[PDB]
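Participant: okay, here's the opening piece of the assembly, coordinates as they are in the complex:
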Amino acid sequence: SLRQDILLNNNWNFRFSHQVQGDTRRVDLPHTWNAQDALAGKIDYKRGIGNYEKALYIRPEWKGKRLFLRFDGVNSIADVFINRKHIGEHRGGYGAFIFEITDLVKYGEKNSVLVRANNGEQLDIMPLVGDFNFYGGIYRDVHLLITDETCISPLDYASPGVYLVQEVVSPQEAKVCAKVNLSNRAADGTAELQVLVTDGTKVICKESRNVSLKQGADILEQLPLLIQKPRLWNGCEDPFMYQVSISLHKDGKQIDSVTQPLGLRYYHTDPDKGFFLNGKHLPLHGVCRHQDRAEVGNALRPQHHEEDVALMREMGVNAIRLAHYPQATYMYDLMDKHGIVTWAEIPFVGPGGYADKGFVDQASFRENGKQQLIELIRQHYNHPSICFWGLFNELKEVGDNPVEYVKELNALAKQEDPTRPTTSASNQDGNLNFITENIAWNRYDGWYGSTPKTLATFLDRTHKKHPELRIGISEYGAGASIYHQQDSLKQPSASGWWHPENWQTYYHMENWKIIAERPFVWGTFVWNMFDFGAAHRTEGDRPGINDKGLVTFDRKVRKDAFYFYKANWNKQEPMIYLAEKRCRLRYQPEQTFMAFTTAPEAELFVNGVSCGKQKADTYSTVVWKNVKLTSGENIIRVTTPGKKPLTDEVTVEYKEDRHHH
């Protein structure tokens, strides 16, 4: 009667329903059928039904236990059949879902499991539009869960069935209400519910209640926990969590158990001073991250989540906006573990500069959106990293006006979880900005026209006109191809096929200086940590890509901007990085070299001869001007001070040719 969790990812048989013959090919999960077409820039990539079928041997000894199929994510509608009989449907591409199959299987034989996944367009399931790909299929894990007939229920919106509600938290004491779903299919009886909080081998809490469970009972039980002088989850400084074991016992035997983290903290956002974690001001040095990657689409493996977090911590990221939808439980686990303050959001996404709408005013759309919000909150309730619930991105009032509906979602979020503030990401003026507790804007001053300086004007004017708003920046960024390089700085056309890397570097340096000076801005999030898929894009070095990443789509190459942020945000790892190394061909008679470093100064050498030292500025940048190259090959080297220095080096070619002038 130990709970079992059996992965069912291997060897499914797949075909599209547009293939009428019935032949199938082997696939293995996680899987999307849009990893080739959408990623090649095909705008009308396959959106429709793909069918996955697998034989599952139901063990004779599972008779008398309860059996559940839990899906971590299927985009975007899933219809599940056991022995070809429909058992249920889930509508929504990003939340987990579960079906009990206990009474639906034949014990001691192979049973068919068939999943018919549909990512076809709909007007009743958010997201309706967006600058990303709606990759179809079973792109997260599938599990067979086996439990006692009397269990901690897995059936409440596919959540772990335990909510560790933080009611009061300070360094003196924490009070928590452990709410636990119980489900009984055995005879009427009683059981003992135990909640055990530990830190390593040390017991911190232990609470018990006897509970009466009628046959067919599905009930919520609540146990208070008190922890004196708690160790708090304090972001990257100390991402500490207790372990909580919730178990059911009968006549001296444990019959079921689940574990969840408890990371205690408290926070607030001040309109003038920014974000405070556990009573201390904390600048939120944030980036955004989509759940896709080159070649595999959104069919991410655990090492992919692991590498994305490793790259963010290397850069000194301490905040993340996991846009534009609920992401993997494992990704939120890694945010908990590494101390990253997380903004998690539902996929209520508007059109941006494109056509159509994020909101369609019909009951089916509205009720589904509420179910997606409840899923997000209940499924991910216990992650201390999550400190904001995001309710939308770039909705607009024209046509169907989502204002009243967004007020409904806000009230529902506050009722489900009074312990986190709501937030949203806006690109509009007006009423949509005054609903959520924190507000943020997506700003591209210096990329989509204008100069970075208009970001400063916007922030200052907004803060002065509306002093009660807690203002953030939910997106800012600029495109870059690592293969587009030029000696001189000039602003490219955003929508064109030329995105020189130096303009992205310049964009981030100027925008960051504006942000750094404005502590009323509670958090800022770079769009985006990685290049990502968007099939309709036709810009930069190839179609189908949003190239605003600080790192490329395959996670292989860090663009110059990554190191500018690393020098400024990760000050305890010594480093020096020469900018513009991918610009190998130089034409300008007067060369400028620039390095990012954590050192107070650096020295430049050209062809083995020192050009002398320069001091790092407040933004960890060292600059040498009017450097003279010799025609042909030149070796450029920068070094930090001391007898054991760090170095960076490049060979460039200097050419006096051109073109008219």
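Facilitator: The structure has been received and is ready for your questions. Numbers count the residues shown, from 1 in each chain, chains lettered A, B, ... in the order given.

Participant: And the most centrally placed residue in chain A, how close does it get to residue A:288?
Facilitator: The centroid of chain A falls nearest to residue A:322 when counting by Cα atoms, centre = their mean (2.4 Å). Distance of residue A:322 to residue A:288, computed by Cβ to Cβ, to the nearest Å: 8 Å. Where C-beta positions appear, they are placed from N, C-alpha and C, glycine not excepted.

Participant: Flag every buried residue along stretch A:32-42.
Facilitator: Across stretch A:32-42, burial judged by 16 or more other Cβ atoms under 10 Å covers A:32-35, A:37-39, A:41.

Participant: for stretch A:189-196, same thing?
Facilitator: A:191-196.

Participant: Just the CA trace of that stretch, in CSV.
Facilitator: What follows is stretch A:189-196, C-alpha atoms only, in CSV (Å, rounded to 0.1, in the frame of the first residue of the first chain):
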residue,chain,number,x,y,z
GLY,A,189,-14.4,3.9,8.7
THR,A,190,-12.0,6.1,10.5
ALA,A,191,-8.4,6.8,9.8
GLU,A,192,-5.6,8.9,11.3
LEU,A,193,-4.3,11.9,9.2
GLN,A,194,-0.8,12.9,10.1
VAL,A,195,1.1,16.0,9.0
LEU,A,196,4.9,15.8,9.6
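
Participant: Can you name the residues in contact with it?
Facilitator: Contact with stretch A:189-196 is made by A:150, A:178, A:180, A:182, A:203, A:205-213, A:221, A:223, A:225, A:244-250, A:255, as judged by Cβ atoms under 8 Å, 6 or more residues apart in numbering.

Participant: ok, of these, which come out buried?
Facilitator: Here, 16+ other Cβ under 10 Å leaves A:150, A:178, A:180, A:182, A:205, A:211, A:213, A:221, A:223, A:225, A:244, A:246-250, A:255 buried among those.

Participant: if we can go back for a sec, would CSV of the buried residues of stretch A:32-42 with distance to residue A:70 and secondary structure be doable?
Facilitator: As requested, the buried residues of stretch A:32-42 are exported to CSV (distance: Cβ to Cβ, whole Å; DSSP: H, G, I helix; E, B strand; the rest coil):
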residue, distance to residue A:70, secondary structure
A:32, 19, coil
A:33, 22, coil
A:34, 23, coil
A:35, 24, coil
A:37, 29, coil
A:38, 27, helix
A:39, 28, helix
A:41, 35, coil
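
Participant: ok, of those, which one's closest to residue A:98?
Facilitator: Nearest to residue A:98 out of these is residue A:32 (Cβ to Cβ; 21.3 Å).

Participant: residues near the closest residue to residue A:4 other than its chain neighbours, how many?
Facilitator: Excluding the flanking residues, the one nearest residue A:4 by Cβ to Cβ, 6 or more residues apart in numbering is residue A:146, at 4.0 Å. Neighbourhood size, residue A:146 [other Cβ atoms under 10 Å]: 20.

Participant: quick check, residue A:146 in a strand?
Facilitator: Yes. Judged by DSSP: H, G, I helix; E, B strand; the rest coil, residue A:146 forms part of a strand.

Participant: Bridged to it, which residues?
Facilitator: For residue A:146, the beta-bridge partners under DSSP bridges are residue A:4, residue A:67.

Participant: The following sequence is to be added as chain B:
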Amino acid sequence: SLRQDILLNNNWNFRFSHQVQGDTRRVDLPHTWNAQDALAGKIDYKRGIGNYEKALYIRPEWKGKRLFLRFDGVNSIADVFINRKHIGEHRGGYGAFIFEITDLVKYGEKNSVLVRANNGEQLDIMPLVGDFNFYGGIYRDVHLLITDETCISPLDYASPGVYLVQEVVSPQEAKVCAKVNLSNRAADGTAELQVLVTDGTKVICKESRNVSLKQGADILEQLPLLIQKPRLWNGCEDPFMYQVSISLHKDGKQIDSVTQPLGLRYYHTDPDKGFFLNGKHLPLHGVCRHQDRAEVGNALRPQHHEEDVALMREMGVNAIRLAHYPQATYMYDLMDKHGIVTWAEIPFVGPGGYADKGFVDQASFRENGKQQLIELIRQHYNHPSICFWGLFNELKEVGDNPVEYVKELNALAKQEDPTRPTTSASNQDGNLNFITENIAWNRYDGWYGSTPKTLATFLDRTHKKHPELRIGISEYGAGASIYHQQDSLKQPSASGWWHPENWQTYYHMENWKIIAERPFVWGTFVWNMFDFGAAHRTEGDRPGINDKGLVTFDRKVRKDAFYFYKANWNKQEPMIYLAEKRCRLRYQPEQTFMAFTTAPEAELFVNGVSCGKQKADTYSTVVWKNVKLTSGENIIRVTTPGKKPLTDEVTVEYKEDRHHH
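Facilitator: So, slotting chain B in with the rest:
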């Protein structure tokens, strides 16, 4: 009158001719228009005409000079127009070509350069078939070359115009005939041709001749060079080259100059003992490499060539087969520089297990193939790394029988260059094997059916029946996806959608042991160093990919086999690598762990407790058997001996579940 070489890669205007309207988009070279479609597995990817146009300002001061447009590579037919007037055509996707434009331009104004590139199917330009993509477009650099009216000619098959023919080479002395093409468009006159051999600042040779040049003269001049006690290019041990400057002088002024490397060596292949470089036996530890990469197709940048060579040297590669076509001058330069013995080949490729033919018996096909061979030899003549000329890959006699034609190519190769042997890569029995000086076979014993043991039987039986043959292995390999992992070793279906990484590891370990024991095998080349594009493939973890690489297509991930070879071929870099780390889920009650290391033994730890030391075998492999894991997470660590060890580590999950049995 210094020679100028001006890169013309930036900002061309592109459209397909199937787009009849005339609108264009900016592109930048190197460029292929098949980097999205063919790489997504679209079998009928775009094969036809793409048009590139750029305005080129012709400087008034270039009047009186000579002007050439040189193309490093356009796949596969290029028609070039200046001010919309046709100037010439090149047929062949892999060799350089050049057109003089001196008398075709208007000086002091912008002139249009239009290139109409066509990669449409043809039956008169090899390669006609092949297991790779025929990526279309201007995928290598374009240059404007500016010279004196009297110059070292760039017009001999677009070669540098100098052939440093090695006539006798030993450690006592080297005799070289410097053959130099001269071209005069100025008045009848004389000039002084100088050939200067140097090592750093030291002069080793200096020879001069006066030459008489008629107006319109295009002539070949030959100067003998003698070098006493030469330093020889000796592979990776000492890849030494002299620098040669060839210059033309008049009345005390230098008027033109080119430089080429001189890497002196001699070699032979013995049917029983293998390959000898500079009189010393040298096992050729080889891999093959295609000129493509994820995302960019064959539009490779110099850092791509640089990274490919870096990865090969890391693995201890000392030989390379640059299949299946002439590759970049820069790639052969890197082979020279790093000491890698190189097999360079023309694209005379047969069908393998697929339909159609590599040979069509018509004069147009045959004459074009001879021009592609002459291009390869003349353009790449001076690279010491190149030690074999490959004439075909997998032709077959059935239908049009290429035997007589391959004898013609062999005789032409020997006439153009008596200093290198010819070779070929075969998958057939019979006469095709008895034409080139060295012969090699493509073998997949243990992958395309059978067991690796049949490679041993083939090699031994062939060597015994035909003792005069110099036998090599031109391809051997097996597919692997880094995302297909399983606890147990079982042979997969080659053509299926399941290519577990452990089978590739096993394949290479067994095949390498067969090779290592057989010194009569002069060279072996892994197919392939990298996964590569082949649009028609439908196997492994995604369509459109040949996944036989030791490294993935984006060059990011080294598969386990890479480290098996690194431990065995690069013995002077200490290392330890735990195999099967990507296999995170373990089911077998009895676990086996395996490490590759350069150390004589290694120690295993499980959950922090030593399982004891094991000795490395002759193949640098350490193995522990019957290792007991605890249910759930286990930390596995291996370390080399000593107080400062090298380590490798992984966390795996051990699960006692399954499926019937």
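
Participant: Chain B added, so what about the neighbour count of residue A:146 now?
Facilitator: 21 (other Cβ atoms under 10 Å in any protein chain shown).

Participant: Quick check, it in contact with residue A:1.
Facilitator: No. Proximity of residue A:146 to residue A:1 does not meet the contact threshold set by Cβ atoms under 8 Å, at 9.6 Å.

Participant: so what sits against both of the two?
Facilitator: By Cβ atoms under 8 Å, 6 or more residues apart in numbering or on different chains, residue A:146 and residue A:1 have these common neighbours: residue A:65.

Participant: follow-up on the earlier one: how about the residue nearest to the centre of chain A, what does it touch?
Facilitator: A:288-289, A:291, A:331-332, A:335, A:342-345.

Participant: now with 6 Å?
Facilitator: By Cβ atoms under 6 Å, 6 or more residues apart in numbering or on different chains, the residues touching residue A:322 are residue A:344.

Participant: State the distance from it to residue A:356.
Facilitator: 24 Å.

Participant: All the strands of the stretch 301-450 of chain A, in order from the start?
Facilitator: In the stretch 301-450 of chain A, the strands defined using DSSP state E, counting those that start in this stretch lie at A:319-322, A:341-345, A:386-393, A:422-426, A:439-442.

Participant: For the last one, name the packing helices and strands.
Facilitator: Spelled out, it's strand A:439-442. Packing partners of strand A:439-442 (3 or more Cβ pairs under 6 Å, 6 or more residues apart in numbering or on different chains; DSSP states H and E): strand A:422-426, strand A:471-476.

Participant: For residue B:48, find the nearest of the ones you listed.
Facilitator: That would be, of these and by Cβ to Cβ, strand A:471-476, which comes in at 40.4 Å.

Participant: Which element is encountered next along the chain beyond the closest one?
Facilitator: Downstream of strand A:471-476, the first helix or strand assigned by DSSP states H and E is helix A:501-516.

Participant: now the angle from that next one to strand A:471-476?
Facilitator: Inter-element angle recorded for helix A:501-516 and strand A:471-476: 170 degrees (by axes from the mean of the first three to the mean of the last three Cα atoms, to 10 degrees).

Participant: check whether helix A:501-516 contacts chain B.
Facilitator: No. If you take Cβ under 6 Å from any Cβ of the partner chain as the test, helix A:501-516 misses chain B, and the best it gets is 13.0 Å.

Participant: tell me what that helix is packed against?
Facilitator: The contact analysis (3+ Cβ pairs under 6 Å, 6+ apart) places helix A:501-516 against helix A:560-569.

Participant: elements contacting the helix it packs on?
Facilitator: helix A:501-516, strand A:591-597.

Participant: Format these as a markdown table; extra columns: mean neighbour count and distance to residue A:554.
Facilitator: Putting the helices and strands packed on helix A:560-569 into a markdown table (neighbours: other Cβ atoms under 10 Å in any protein chain shown; distance: least, Cβ to Cβ, whole Å) gives the following:
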| stretch | mean neighbour count | distance to residue A:554 |
| --- | --- | --- |
| helix A:501-516 | 21 | 16 |
| strand A:591-597 | 22 | 23 |
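
Participant: Show me what the residue nearest to the centre of chain A is bridged to.
Facilitator: residue A:344.

Participant: Just want the phi and psi numbers for residue A:81.
Facilitator: phi -130, psi 140 (degrees, to the nearest 10).

Participant: Now do the same contact list for it.
Facilitator: Residue A:81 makes contact with residue A:114, according to Cβ under 6 Å, 6+ apart.
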